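Given next, in structure tokens, is a single chain: the form deposited in one PDB entry.
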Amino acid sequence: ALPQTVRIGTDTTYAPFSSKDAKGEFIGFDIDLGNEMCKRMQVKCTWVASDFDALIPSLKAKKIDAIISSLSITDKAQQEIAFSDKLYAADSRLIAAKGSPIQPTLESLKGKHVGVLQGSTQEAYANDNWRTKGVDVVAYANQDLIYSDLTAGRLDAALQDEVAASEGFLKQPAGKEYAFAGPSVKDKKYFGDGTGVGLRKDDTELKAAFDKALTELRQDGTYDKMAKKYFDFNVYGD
């Protein structure tokens, strides 16, 4: 059976997907999608704030029933839990100076200095696929020094999460003269084939209901109107 109330864990530190406004209400595209889906499933849903590292543990322990927290559908993720159909893409993308010919390819990146934040999935991606093929991958302890170095010319480009750099630098005045160089980088093992509602593998009726609500609010234009409230591009992706 479907739960009486679906408890949804989210990490409220990740606008524009999941954050808390100044009055403390949950806000973002993850919330709107969750709320819309739950409305279509006709079930009560309750948002449970949780540190991101504790989301999958809370789910396996049944302290929560779903995860909606830009949780990438990576290969390792799927060994432990199940996912709904994709909610939106969370790929990475290179940033360089406006007019840069740089592409996210080996023949383009050979011998170039690409910055990445240490500990990120972008650093893992760039170290396992780019550093070992003659790309100079530079790890940074501090995200704002990446941007500063890039503006200074000590990097040819930076590998960032696409939405985060969209919101955090490119829309800011400091990034006016910078832009994405080439298309978003896709890698199922590092970035998932999107994000999805994270669910326990036993919870097939819950998965079915989220997927049906998801296809439906897409097919009738609700997804696009809702995304337009936050995004200028195709957040859903491929």
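We number the residues from 1 along the sequence you see. Basically, rigid core = biggest C-alpha set you can superpose within 1.5 Å across the two forms.
The same protein has a further form, the form solved in complex with a small molecule, not shown here; the description that follows concerns it.
Using a 4.5 angstroms limit between non-hydrogen atoms, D156 is distant from the small molecule in the entry with it bound.
Using a 4.5 angstroms limit between non-hydrogen atoms, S72 touches the small molecule in the entry with it bound.
Shown alone here, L117 lies within 4.5 Å of the small molecule in the entry with it bound, counting heavy atoms only. Taking the partner from the other structure, the small molecule in the entry with it bound has no heavy atom within 4.5 Å of any heavy atom of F26. Contact with the small molecule in the entry with it bound, judged as any non-hydrogen atom within 4.5 angstroms, is confined among 98-106, 132-140, 148-156, 119-127 to 119-127. Taking the rigid core as fixed, one finds a CA shift for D202 smaller than 2 Å between this form and the one not shown. After superposition on the rigid core, the Cα atom of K112 is displaced by 2 Å or more between this form and the one not shown. A shift of at least 3 angstroms pushes the Cα atoms of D187 and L217 further from each other in the entry with it bound than in the displayed structure. A shift of at least 3 angstroms pushes the Cα atoms of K86 and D187 further from each other in the entry with it bound than in the displayed structure.
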